[PDB]
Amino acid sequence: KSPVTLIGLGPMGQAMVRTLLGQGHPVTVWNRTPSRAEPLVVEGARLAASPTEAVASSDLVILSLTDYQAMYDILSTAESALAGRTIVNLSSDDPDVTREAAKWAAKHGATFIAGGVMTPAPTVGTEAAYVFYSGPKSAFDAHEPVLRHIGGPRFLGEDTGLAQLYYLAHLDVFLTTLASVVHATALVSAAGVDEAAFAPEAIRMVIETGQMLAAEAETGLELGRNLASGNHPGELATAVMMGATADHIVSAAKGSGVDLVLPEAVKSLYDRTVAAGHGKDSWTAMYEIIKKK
């Protein structure tokens, strides 16, 4: 029932406005290009005349924009209207950038919560969606009914930067895993193999890797246990054994003219893990090379 303002009418913003309207919230919108609001107005949203009018329409302002610079640019003329309101910014950006935004919000009398939407826009309003939130817990609690309708809110803690830290760490896995599927297909296709023949196998290897990591079995790898305890017991997957394979991938890529930066990064991790004395330890010992000193 409580009114909401949403600025940024890309695919995520449109799905959130449709969902919130369907749950009976009055929704005021604003966008750099007003034509994108027209379908939302037909569904019952109100188009604000300016960012100031948009901000003044609700106690809760949700931002879905390309980055935090877009928030500063759009809200520049509305800064004096921010006092007493809560900004929930769902845009992706560097964690320290989001922490600086919390200082700017406070300067203008606004409460600030950062969010990170973990699932695609089609999941908004369903059981599949989930969104990280961080910032003052009392603010999260005050607006939880709205955030619940968007889908699967997960409060992480009262450091504003946590939502984008967790978001970018998830995207760290996503982007790197996806790059490796393309790189592996290139390695094989350089020999003349049809890309369509091998890409499904590279995809199955991702699935198999995830199954192995999640293994149900007591004898299987316990990755979080190794990293949390600092003990990396070498079983049948040691750093020196897997590093040898990393070396063979680099030589295979070098021999076939396939780009080297990705496999050389993996080889660098294994090279330094072995050089630090962890050769007989688990490959998970690369954590001791990667982690903050």
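Residue positions are given as counts along the sequence shown, with the first one as 1.
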Given 156-164 and 195-203, the range whose Cα B-factors average higher in the PDB entry: 195-203
Greater mean Cα temperature factor according to the PDB record, 116-124 or 133-141: 116-124
Residue with maximal Cα B-factor (values as given in the PDB entry) among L60, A265, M241, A252: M241
Deposited CA B-factor, highest of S189, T111, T219, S92: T219
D96 - Cα temperature factor, lowest/middle/highest third of chain: middle
Modelled-residue ranking by C-alpha temperature factor, third containing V274: highest
Lowest, middle or highest third - CA B-factor, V261: lowest
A81 by Cα B-factor - lowest, middle or highest third of the modelled chain: middle
Modelled-residue ranking by C-alpha temperature factor, third containing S64: lowest
